[PDB]
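Undergrad: Sending over a structure as C-alpha cells; questions will come in a sec.
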Amino acid sequence: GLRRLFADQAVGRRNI
Amino acid sequence: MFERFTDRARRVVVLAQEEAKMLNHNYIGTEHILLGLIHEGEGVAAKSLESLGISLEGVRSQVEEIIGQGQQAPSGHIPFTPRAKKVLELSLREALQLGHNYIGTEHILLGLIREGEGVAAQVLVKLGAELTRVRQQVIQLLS
C-alpha cells in the first residue's frame, strides 16, 4: 500500500 | 492504484522494495524506484536509461554516497517515502494525459522526472542525465 501500518499484498504498507 | 499497473510496472515496484531491503533501508524512496526501473531490464524505462548511460552500479554507488547502507535488516514490507508516493500518483497522471488506462514502466520513469526533486532526480543529474533528456528518450522509444 501507500501508507504505514501493515504489509500490503505485494509492496509497501497500509493503514487500517 | 496498483490495479492499473502493467505486469512489468508491478515488477519495477517489487524490485524497488527488494533493493531497499538489500540496502537495509527503511523506506522505498524515488532512488529505489529508479533501481527497480533498471533491474526490470526489458521495459522502455530500462532501455531508455541504458541508452542514456545510467547503470545499476552507478545508481547504487550514488545511493551509497548519499544515503548509505543501513545497519539492521528491515521488515519484508517497506513503506514508500512521501516523494515516492507522489511519483506513483504522477505516473498515473502521465499515463492518463497520454491516453493510457494502464501504468507502464515508461510512465513510472516519466512520473519520476515530473516530480523531479527527490533522491533519484539528484542521482540522475549527478550521473549526467538531465531530466528533460530522459523524458525525450522515453517519448522517443515510445513513438
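As you go down the protein sequences, you meet chains A and B in turn.
Residue numbers for the first sequence follow our numbering, so the first one is 1 and each next one is one higher.
Residue numbers for the second sequence follow our numbering, so the first one is 1 and each next one is one higher.
Note that beta-carbon positions come from the ideal geometry of N, C-alpha and C, so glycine has one too.
Whole angstroms is fine: what's the gap from B:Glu19's alpha carbon to B:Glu65's?
TA: Their backbone Cα atoms lie some 16 Å apart in a straight line.
Undergrad: Spell out whether any CB of chain A is found under 8 Å from the CB atom of B:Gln62.
TA: So no, B:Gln62 is outside the interface.
Undergrad: What residue range does the alpha helix (DSSP H) around B:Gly111 cover?
TA: It spans 105–115 - the alpha helix (DSSP H) in which B:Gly111 sits, taken as one unbroken run.
Undergrad: Just to confirm before moving on: does the CB-CB distance between B:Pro79 and B:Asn24 stay below 8 Å?
TA: Cβ distance not < 8 Å, so B:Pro79 and B:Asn24 don't count as in contact.
Undergrad: Entirely within the segment 55–139 of chain B and at least 4 residues each: give me those alpha helix (DSSP H) ranges in chain order.
TA: Entirely contained in the segment 55–139 of chain B, the alpha helix (DSSP H) runs reaching 4 residues are, in chain order, 56–66, 82–97, 105–115, 119–126.
Undergrad: In chain order, what residues of the same chain have a beta carbon less than 7 Å from the beta carbon of B:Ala120, not counting five sequence neighbours either side?
TA: Closer than 7 Å at the Cβ level, and outside the excluded window around B:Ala120, lie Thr30, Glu31, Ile33, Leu34, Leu112.
Undergrad: Quick one: grab the DSSP three-state call for A:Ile16.
TA: In the structure shown, A:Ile16 sits in coil (DSSP, three-state: anything other than H, G, I, E or B).
Undergrad: Since B:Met1 is in the alpha helix (DSSP H), which residue starts that stretch and which ends it?
TA: Looking at the DSSP string, B:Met1 is not in any alpha helix (DSSP H), and its letter there is neither H nor E.
Undergrad: Comparing the C-beta of B:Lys21 with each C-beta of chain A, is any distance below 8 Å?
TA: B:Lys21 does not count as touching chain A.
Undergrad: Quick one: is B:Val123 buried, meaning 16 or more other Cβ sit within 10 Å of its Cβ, or exposed?
TA: By the neighbour-count rule (16 or more Cβ atoms within 10 Å), B:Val123 is buried.
Undergrad: Excluding sequence positions up to five away, which residues of its chain have a Cβ less than 6 Å from the Cβ of B:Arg11?
TA: Around B:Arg11: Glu40.
Undergrad: Output the distance between the C-alpha atoms of B:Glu89 and B:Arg135, rounded to the nearest integer angstrom.
TA: Between B:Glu89 and B:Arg135, the C-alpha separation is close to 17 Å.
Undergrad: Is the number of C-beta pairs between the segment 98–109 of chain B and the segment 36–52 of chain B that are closer than 8 Å three or more?
TA: A contact exists between the segment 98–109 of chain B and the segment 36–52 of chain B.
Undergrad: Taking the alpha helix (DSSP H) that B:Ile28 belongs to, which residues open and close that run?
TA: Per DSSP, B:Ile28 belongs to no alpha helix (DSSP H) and is neither H nor E.
Undergrad: Should B:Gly76 be flagged as near chain A, meaning a C-beta pair shorter than 8 Å?
TA: Yes, B:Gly76 lies at the interface with chain A (some Cβ there is under 8 Å from its Cβ).
Undergrad: May I have the straight-line CA-CA distance separating B:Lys86 from B:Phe2, to the nearest angstrom?
TA: About 14 Å.
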